[PDB]
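J.: The data below comprise the sequence and an experimental structure of the protein.
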Amino acid sequence: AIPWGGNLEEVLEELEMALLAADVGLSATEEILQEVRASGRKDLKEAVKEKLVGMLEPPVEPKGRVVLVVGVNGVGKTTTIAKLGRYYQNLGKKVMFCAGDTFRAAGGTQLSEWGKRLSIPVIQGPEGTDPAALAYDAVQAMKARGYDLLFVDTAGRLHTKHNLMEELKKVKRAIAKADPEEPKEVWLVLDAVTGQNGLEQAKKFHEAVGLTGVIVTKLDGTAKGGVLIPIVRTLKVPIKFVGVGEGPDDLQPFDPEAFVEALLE
Amino acid sequence: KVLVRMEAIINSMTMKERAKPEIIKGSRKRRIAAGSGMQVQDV
Amino acid sequence: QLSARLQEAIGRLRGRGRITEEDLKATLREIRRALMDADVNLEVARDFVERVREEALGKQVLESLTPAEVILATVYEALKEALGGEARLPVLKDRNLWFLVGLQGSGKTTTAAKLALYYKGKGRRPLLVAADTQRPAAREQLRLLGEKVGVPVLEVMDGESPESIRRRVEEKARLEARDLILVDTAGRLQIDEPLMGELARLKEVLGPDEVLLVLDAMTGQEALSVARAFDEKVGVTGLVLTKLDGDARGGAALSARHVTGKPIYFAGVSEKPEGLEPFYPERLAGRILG
RNA sequence: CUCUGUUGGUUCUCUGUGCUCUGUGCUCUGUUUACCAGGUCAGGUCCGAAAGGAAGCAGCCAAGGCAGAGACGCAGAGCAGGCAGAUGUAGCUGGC
């Protein structure tokens, strides 16, 4: 607990104990402390809150129709798409899924179980096929029939391997072959238990396809997940959604005042 | 992938070219290159 | 040579002046979470920072001129003492019976070929025994690695009693005059009871002196659950840390000694039988923090 | 320098007897031939995301090929071993 209303030496010290335990950064945490010391304000509870909202900011409606969902291993990419299908069907949008996890075992069969529960059709395929061209047949079934949104699924790939990052560039030019305007929105799925490895992941995925939004999962535990602050500082990429569970209805919109309130506790 | 490309040049050769490598001239170098899928500089 | 998290935690205290009691708790919370990224358990990381807290007030870090050079020196000497201290080798008797236990995919058959070449050039005579029957082609794997070094292998049949195995081990170690006996067991879990009750029966009939536990460097938070189950039911007296060739830190060795209290002896750096060097608590002290 | 019967010599084709030599016809068998408009084509490539396709050299196989052992048809050029067969023979010397 941080005591608000004491001396200048104890308020700035207990603030550093809460930020470094929330996975913020190295040069990111050092930049916040130098701005409060040269300000000169008595109300230190509202002074730090106005600085943290400006670091995150550069219903939520997408810019395009086809969205590309990317991520690494152990984050739950297939679990995030199941939450995004419940939020948009209550408003009035026609959503359709696309399976692209044929590299991992039981990955393309996982989205088929959540697709029969939400009554949303999934475009499947055999094991050992290409996930880039299976997304091309999903764009041709959107323009011919009459669907609004489309979510593409990817495989479990790392940032260190160059052989799997060149396969990610083949998914971008596959959707751009049918419709030159698409893709517009590229979302990334990160975890809350990740330390300083999440900063190295965001720089490699922006050089490949180009990120326009970041989503974070597993916020219901002991981890706060403040690894979103150093990404909007250098790359200028905004935040979209937050995940507070494993269920379909567990998806709340991004509120810059509610994320800072739970970070300092 | 360098080892399988070296064996690829020997597999396109005849039994007289493997036992005697000095007879492989300009007319023979183009037959071995087009039969393996490589260039003249690789042979 | 330090890591990303420990380059800013020790780096911000340089050129500021004298510190308070609130600065010590702010630095120790960063070392606690730097261990969790280096594959150490949360219960062991909480008990480590409470040990350094009592040693920091004794050396007087509050009245010191340079705070960054004292905190970095206390964690370097406390981690060195928590891993073993110095390079200690096992006590060699007239008749030695060693045991190699572990998990699935840890490399128990790979470590059995390393200990058969290190003691052969010094003056001791090795002997290999294979008790792995559940895994296919496991008795053939130690036979190919035993011919590479020149040590004879003893193969156990399927469905044999623990009293019949001791009858063939004491017969081959008397005629050929073998002193060092290496027993290679099968891969089993911590929660599986039928396989752990057979291992406790194999310890009672034979009667070993040094029981070595082969643990991998890529083991996460479940490193405390393996070391507690193998000590109370069976009885671990030694630890071996294999696969230190990659980008792994090897923090699973800290979560294993805190609950048992038994020192670590050997370390593996390569997949070849020639790649074996003694455990140095000074080399791993700059790898977990680095 | 009548012809006849037994009987004697060359140059004809030929028809049959079975041999032997060559070309073949093609075929059989051993051996020979890098690429130069054959078939199948391991790798290794390329075209694709893939599914699926293509060129394509070795090899081999085929085709060209070089030679003998083949039953022999179909045939000409050969000798001397053949008792010997079918319609003419022309010159010279004999014997009847």
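T.: All right, it came through fine. Numbers count the residues shown, from 1 in each chain, chains lettered A, B, ... in the order given.

J.: which SS class is the closest residue to RNA strand D within the stretch 151-290 of chain C?
T.: Nearest residue of the stretch 151-290 of chain C to RNA strand D: residue C:271, at 25.7 Å (Cβ to the nearest atom of the strand). C-beta coordinates here come from the backbone N, C-alpha and C atoms, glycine included. Secondary structure for residue C:271, judged by DSSP: H, G, I helix; E, B strand; the rest coil, is coil.

J.: Please name the residues that touch it.
T.: C:110, C:245 (Cβ atoms under 8 Å, 6 or more residues apart in numbering or on different chains).

J.: again with the one 5 residues further on
T.: Contacts for residue C:276 (Cβ under 8 Å, 6+ apart) come out as C:114-115, C:117-118, C:266-269.

J.: Return the distance of the residue lying closest to residue A:137 once chain neighbours are set aside relative to residue A:139.
T.: Excluding the flanking residues, the one nearest residue A:137 by Cβ to Cβ, 6 or more residues apart in numbering or on different chains is residue A:123, at 6.6 Å. Here residue A:123 is placed at a distance of 10 Å from residue A:139 (Cβ to Cβ, to the nearest Å).

J.: And the two? Which one has more around it.
T.: residue A:139 (22 against 18; other Cβ atoms under 10 Å in any protein chain shown).

J.: Give me the three-state assignment for that one.
T.: helix.

J.: What is the burial count for the nearest residue to it once chain neighbours are set aside?
T.: Distance criterion Cβ to Cβ, 6+ apart; nearest residue to residue A:139, sequence neighbours excluded, is residue A:178 at 4.6 Å. The burial count assigned to residue A:178 is 16, neighbours taken as other Cβ under 10 Å.

J.: now residue 2, nearest residue through space, not along the chain?
T.: You didn't pick a chain, so chain A it is. residue A:14 (4.4 Å).

J.: my question was about chain C
T.: Leaving aside its chain neighbours, residue C:2 sits nearest to residue C:290 (5.6 Å; criterion: Cβ to Cβ, 6+ apart).

J.: ok, the residue in chain B that chain A sits nearest to to residue C:14 distance?
T.: For chain B and chain A, the shortest gap (Cβ to the nearest Cβ) falls at residue B:1, measuring 13.3 Å. Going from residue B:1 to residue C:14 by Cβ to Cβ gives 50 Å.

J.: One more: residue C:170?
T.: Noted for residue C:170: a distance of 64 Å to residue C:14, by Cβ to Cβ.

J.: Can you give the domain ranges for the chain?
T.: You didn't pick a chain, so chain A it is. If you go by CATH domains of a matching chain, the domain ranges for chain A are A:1-58, A:59-265.

J.: Chain C was what I was after
T.: C:1-87, C:88-278.

J.: Now the phi/psi pair for whatever residue of the stretch 151-265 of chain A ends up closest to RNA strand D, please.
T.: Sorted by distance to RNA strand D under Cβ to the nearest atom of the strand, the residues of the stretch 151-265 of chain A start with residue A:170, at 6.0 Å. The phi/psi pair for residue A:170 (degrees, to the nearest 10) reads phi -80, psi -20.

J.: before we move on, back to that, deepest in the core, which of the domains of chain A is it.
T.: Ranked by mean neighbour count under mean count of other Cβ atoms under 10 Å in any protein chain shown, these are led by domain A:59-265, which reaches a mean of 17.

J.: Pull the contacting residues for residue 14.
T.: Going with chain A. A:2-3, C:22.

J.: was after chain B, sorry
T.: For residue B:14, no residue meets the contact criterion (Cβ under 8 Å, 6+ apart).

J.: how much space is there between it and chain C?
T.: Using Cβ to the nearest Cβ, to the nearest Å, residue B:14 is found at 40 Å from chain C.

J.: So which bits of stretch C:195-205 are buried?
T.: Residues of stretch C:195-205 classed as buried by neighbour count (16 or more other Cβ atoms under 10 Å in any protein chain shown): C:196, C:199, C:202-203.

J.: Quick check: residue C:98 is in a helix.
T.: No: in this structure, residue C:98 is strand, not part of a helix, as judged by three-state DSSP.

J.: so it makes contact with residue C:184?
T.: No: applying Cβ atoms under 8 Å, one finds residue C:98 not in contact with residue C:184, separated by 9.8 Å.

J.: Name the residue in these two with the higher neighbour count.
T.: When residue C:98 and residue C:184 are compared for neighbours, residue C:184 comes out ahead with 25 against 21, by other Cβ under 10 Å.

J.: The closest residue to that one other than its chain neighbours: what's it in contact with?
T.: Excluding its sequence neighbours, the residue lying closest to residue C:184 (Cβ to Cβ, 6+ apart) is residue C:112, at 4.8 Å. Residues near residue C:112 by Cβ under 8 Å, 6+ apart: C:100, C:128, C:142, C:145, C:182, C:184.

J.: same deal with residue B:39?
T.: residue B:33.

J.: To which secondary structure element is it assigned?
T.: Using DSSP states H and E, residue B:39 sits in no helix or strand.

J.: give me phi/psi at it?
T.: According to degrees, to the nearest 10, residue B:39 has phi -100, psi -180.

J.: circling back: and the contacts of residue C:276 as CSV, adding neighbour count and distance to RNA strand D?
T.: Converted to CSV, those look like this (neighbours: other Cβ atoms under 10 Å in any protein chain shown; distance: Cβ to the nearest atom of the strand, whole Å):
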residue, neighbour count, distance to RNA strand D
C:114, 24, 35
C:115, 22, 39
C:117, 18, 36
C:118, 17, 40
C:266, 21, 41
C:267, 22, 39
C:268, 21, 34
C:269, 13, 33
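
J.: could you measure residue A:208 against residue A:96, distance?
T.: 25 Å.

J.: secondary structure class for the residue lying farthest from the centre of chain B?
T.: Distance from the C-alpha centroid of chain B, by Cα atoms, centre = their mean, peaks at residue B:1 (16.6 Å). Using three-state DSSP, the secondary structure recorded for residue B:1 is coil.

J.: Show me which pair in the contacts of residue C:276 is furthest apart.
T.: Spanning the widest gap among the contacts of residue C:276 are C:117 and C:267, at 15.3 Å by Cβ to Cβ.
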